[PDB]
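Summary of the model geometry
So you can see what is in the structure, the chains are spelled out below.
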Amino acid sequence: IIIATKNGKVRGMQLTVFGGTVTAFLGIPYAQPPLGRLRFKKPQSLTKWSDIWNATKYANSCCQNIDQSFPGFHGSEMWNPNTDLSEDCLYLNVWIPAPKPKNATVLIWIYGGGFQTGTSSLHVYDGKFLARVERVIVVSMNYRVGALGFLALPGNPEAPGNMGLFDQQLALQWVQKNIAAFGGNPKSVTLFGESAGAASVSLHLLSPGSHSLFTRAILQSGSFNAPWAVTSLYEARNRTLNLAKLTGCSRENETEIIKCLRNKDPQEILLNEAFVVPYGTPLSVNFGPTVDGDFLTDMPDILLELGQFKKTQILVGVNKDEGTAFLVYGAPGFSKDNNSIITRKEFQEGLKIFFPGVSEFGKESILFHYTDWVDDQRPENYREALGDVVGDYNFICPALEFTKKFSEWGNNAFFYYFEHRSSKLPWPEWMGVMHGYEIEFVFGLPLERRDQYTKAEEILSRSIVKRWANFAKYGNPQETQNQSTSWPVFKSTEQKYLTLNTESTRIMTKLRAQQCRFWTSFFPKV
Ligand SMILES: *[C@@H]1O[C@H](CO[C@@H]2O[C@@H](C)[C@@H](O)[C@@H](O)[C@@H]2O)[C@@H](O[C@@H]2O[C@H](CO)[C@@H](O)[C@H](O)[C@H]2NC(C)=O)[C@H](O)[C@H]1NC(C)=O
Ligand SMILES: *[C@@H]1O[C@H](CO[C@@H]2O[C@@H](C)[C@@H](O)[C@@H](O)[C@@H]2O)[C@@H](O[C@@H]2O[C@H](CO)[C@@H](O)[C@H](O)[C@H]2NC(C)=O)[C@H](O)[C@H]1NC(C)=O
Ligand SMILES: O=S(=O)(c1ccccc1)n1ccc2c(OCCNCc3ccccc3)cccc21
Ligand SMILES: *[C@@H]1O[C@H](CO[C@@H]2O[C@@H](C)[C@@H](O)[C@@H](O)[C@@H]2O)[C@@H](O)[C@H](O)[C@H]1NC(C)=O
Ligand SMILES: CC(=O)N[C@H]1[C@H]([C@H](O)[C@H](O)CO)O[C@@](O)(C(=O)O)C[C@@H]1O
Ligand SMILES: *[C@@H]1O[C@H](CO)[C@@H](O)[C@H](O)[C@H]1NC(C)=O
Ligand SMILES: *[C@@H]1O[C@H](CO)[C@@H](O)[C@H](O)[C@H]1NC(C)=O
Ligand SMILES: *[C@@H]1O[C@H](CO)[C@@H](O)[C@H](O)[C@H]1NC(C)=O
């Protein structure tokens, strides 16, 4: 199957999925490769090609540091890139139903990874199941990460910041201009993403240049108001300047810094990214989104508070144990290979690691709020408190605040709490329902009966897949056929949310009420 796009013909490949067929176009270029003088710049448009472009394998992933903390361990290596790293990485993928659809709704996936890592070719982002089962079109793109995607000297077009977000935006433009040739409906495009991908989706809701490029949005475990998601212009300058010092590129002409950085091998830039922060946390967002005056016209908290965003429906949610994954990347006493019973002293040191530069009083206030136990003899008390501290502060309370503020301007919002721990999860049981492990259910991997998931997980994934697809198609994440719990709208008053689990799907209210009042209303003052 060959499709004529605006810039040339592309050839795809046929996939067998569940006794049917999906057509995949893997690795279509959507921008000029950002090499040489184009490194650190906004992505430039593609010029035509005259032959057929073979989109039959995933393209290069963008340059990035790799998680080496657990060599040989699937729980960490499943997130590492599975194609060659290259600056030549601005490519996207398209899965379409067979036979070709007539006007299919389009799902555009934006991966996470702290804005420092990630790739669209991971196994858990394979869009072929969604295309097969729901007859939607799935698109995913690679976008630049790390310093190469987010180095910033604001106002300087040699390195303006937010290049990785402009990569994503150019891919959204490509879908608007080209997806009807694949049978897609450019007027029915839903963005979905997880972690930094979800933060990205929320920033497209704020960016005037993305407003005409999509219809609706799904935010899995992230939002821009999360404390890790936006770099201040002061942090960003200190970090750009530190990178230049570390690479021998310090100059008084800021533009000459950039030209010096453009002569370094990518690996020299990657090696020094970790050190631009003096005292950072486990997996620090060294180079992330900034208020650049282009993609982001103002501090996003102000835009959110004053209703300056695309008015549409949103689907937002979080996992039960968002914080646990990060504990084994630096908190003392923690290990994926034992049950990580920690002491009060270790909990206090863990707060030092996750809240550097917070006052002694601020850290005491966290301890005060999280250590007033039901039973103080329970050995797991501090282990579980530290995970909840990290998950509530970094993910759950910001997602809930985002949903409240967004819905106050009149739109329908739906909030979920994912509490199922995958039967195959390679991480230990104390880590629970971790960050990132709803993704395989959203993409329908448990629908493949070969792949060792349980029957209950197939049913759960099937329901989630239908709810997500109904949200994208119709703005309403219901499963209408199988006597399912109806998913109520989230309103700032009642704050109803839907729990997702294999047993009983339930309507609850005011998730983490006490904890989020601490994080949202008190802790920003310290
Ligand atoms: C802003 O940057 C300075 C410089 O950071 C140092 O040099 C970089 C190239 C990199 O290698 C960093 O890891 C270095 O720390 C920071 O100043 C340092 O601050 C720490 C403690 O705050 C101190 O021990 C170092 O001696 C300082 N070094 C210098 C040269 O002043 C500074 O903390 C950074 N952050 C802020 C908010 O200013
Ligand atoms: C759980 O394990 C941690 C980490 O120890 C790891 O696993 C072991 C096989 C051992 O070889 C360690 O070196 C590994 O790093 C234990 O934390 C360590 O505890 C010792 C003594 O208490 C201390 O010297 C180390 O600094 C600790 N490592 C840290 C803080 O990273 C922890 O005690 C184990 N807990 C339980 C309940 O078994
Ligand atoms: O939300 S975060 O900003 C963040 C949250 C809390 C504290 C600090 C930073 N953040 C998330 C991922 C990430 C990153 O890569 C991830 C590499 N492993 C992925 C993984 C997921 C789940 C289990 C095990 C591994 C780099 C930098 C920041 C990151
Ligand atoms: C692009 O692909 C063309 C067709 O290749 C045919 O189908 C693919 C899936 C392979 O299995 C191949 O063995 C078949 O012949 C090629 O003819 C063409 O050379 C390719 N273009 C480039 C630039 O490599
Ligand atoms: C930078 C990079 O990954 N380049 C290319 C790889 C490798 O150079 C070789 O396979 C040797 O390892 O080969 C291709 O020709 C291919 O697989 O069709 C294209 C691909 O982009
Ligand atoms: C696809 O649907 C849109 C409305 O969502 C409509 O305007 C457009 O003409 C349709 N295109 C088709 C059916 O080819
Ligand atoms: C040095 O900075 C000036 C502005 O301060 C700029 O016009 C010039 O292009 C820079 N040098 C080079 C070699 O680009
Ligand atoms: C509804 O239930 C049937 C079995 O009664 C099942 O095969 C089907 O996949 C379910 N549909 C959804 C969308 O969950």
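Taking the PDB entry as the reference, the protein chain is identified by name as Cholinesterase belonging to Homo sapiens. Comment text from UniProt for the protein chain, heading Function, reads "Esterase with broad substrate specificity. Contributes to the inactivation of the neurotransmitter acetylcholine. Can degrade neurotoxic organophosphate esters." Checking UniProt for the protein chain, the heading Subcellular location contains the comment "Secreted".

What follows deals with the site of ligand 6. As a matter of local geometry, ligand 6 sits amid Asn103, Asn185 and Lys187. The separation between an oxygen atom of ligand 6 and a polar side-chain atom of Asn103 is 2.4 Å. Interatomic distance of 3.1 Å between a side-chain N/O atom of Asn185 and an oxygen atom of ligand 6. Compared with its free state, where it exposes 360 Å², ligand 6 has 35% of that area covered by protein.

Before going further, it helps to examine the pattern of salt bridges. With the rule as written, the count across this model stands at 22 salt bridges. Ionic pairing is found between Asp294 and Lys42, a salt bridge with its closest N-O pair at 2.7 Å. Residue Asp294 is located in the loop between α8 (266–273) and α9 (300–305), and its partner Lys42 is located in the loop between β4 (20–29) and β5 (52–54); the two are separated by 252 residues in the primary sequence. We note a salt bridge from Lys496 to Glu494, for which the minimum N-O separation is 3.7 Å. By relative accessible area, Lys496 is classed as partly exposed at 29%. By relative accessible area, which is 42% here, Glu494 ends up partly exposed.

Two elements in contact, helix α13 (residues 381–407) and helix α16 (residues 513–522), have axes separated by 9 Å at closest approach and are oriented at 85°. Put simply, α13 runs roughly perpendicular to α16. Contact with α13, carried on its side by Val389, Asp392, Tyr393, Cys397, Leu400 and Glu401, involves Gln515, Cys516, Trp519 and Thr520 of α16 and no other residues of that element. Considering only residue class, the contact of α13 with α16 consists of six nonpolar, two polar and two charged.

Moving on to the sheet that holds strand β1 (residues 2–5). Here we have three strands laid out as an open sheet, ordered β1-β2-β5, and mixed in their pairing. Every interior strand has two partners, whereas the edge strands, β1 and β5, have only one. Each adjacent strand pair in this sheet contributes to an overall mean axis angle of 30°, direction not counted.

Turning to the site of ligand 1, a few remarks are in order. Close to ligand 1 lie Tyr234, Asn238, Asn242, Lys245, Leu246, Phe275 and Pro278, which account for all nearby residues. At 2.4 Å, a side-chain N or O of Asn238 approaches an oxygen atom of ligand 1. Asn242 places a side-chain nitrogen or oxygen 3.3 Å from an oxygen atom of ligand 1. Across the complex, the protein chains shield 41% of the 710 Å² of accessible surface that ligand 1 would expose by itself.

Time to look at the packing of aromatic side chains. The description of two aromatic rings rests on the distance between their centres and on the angle between their planes. Going through the model one piece at a time under the given rule, you end up with 47 aromatic pairs. Ring geometry for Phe70 against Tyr329: centres 5.5 Å apart, planes inclined by 80°, an arrangement best described as edge-to-face. Taken together, the positions of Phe70 in the loop between β5 and α1 (74–77) and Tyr329 in the loop between α10 (324–327) and α11 (344–354) put the pair 259 residues apart, joining distant regions of the chain. When the ring of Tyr393 is compared with that of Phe523, the centres are 5.5 Å apart and the planes differ by 80°; the resulting orientation is edge-to-face. One end of the pair, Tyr393, is in helix α13; the other, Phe523, is in the segment after α16, and 130 residues separate them in sequence. An aromatic cluster of three or more residues is present, and its members are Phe355, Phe361, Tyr370, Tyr393, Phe518, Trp519, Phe522 and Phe523. Taking NZ or CZ as reference, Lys310 lies 5.1 Å from the ring centre of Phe214, over its face.

Let us look at unusual backbone geometry. With an omega of 0°, the peptide bond between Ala98 and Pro99 qualifies as cis. Examined against the element boundaries, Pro99 turns out to sit in the loop between β6 (91–97) and β7 (104–110). Positioned with a positive phi, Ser221 is a non-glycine residue whose angle comes to about 50°. One can find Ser221 in the loop between β10 (216–220) and α6 (233–247).

About the thresholds
Residues numbered from 1 in each chain as written, not as in the entry; some residues may be left out. Chains lettered and ligands numbered in written order. Heavy atoms only, no water. UniProt positions renumbered as here; feature names shortened; annotations may be inferred. Near = heavy atom within 4 Å. Polar contact = N/O pair within 3.5 Å; in protein donor to acceptor, adjacent residues only side chain to side chain. Areas by Shrake-Rupley, 256 points an atom, 1.4 Å probe, with all protein chains shown as cover. Salt bridge = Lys/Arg side-chain N within 4 Å of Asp/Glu carboxyl O. Helix = DSSP H or I, 4+ residues; strand = E, 2+ residues; numbered from the N terminus. Buried < 20%, exposed > 50% of the residue type's maximum accessible area, 1.4 Å probe, protein only. Axes fitted to C-alpha atoms, helices over the stretch in contact; angles between N-to-C directions. Parallel < 35°, antiparallel > 145°, perpendicular 65-115°, else oblique. Contact = heavy atoms within 4.5 Å. Nonpolar A, V, L, I, M, F, W, Y, C, P; charged D, E, K, R; others polar. Pairing = 2+ DSSP bridges. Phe/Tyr/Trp six-rings, centres within 6.5 Å; stacked < 30°, edge-to-face > 60°. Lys NZ or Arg CZ within 6 Å of the ring centre and 35° of its normal.

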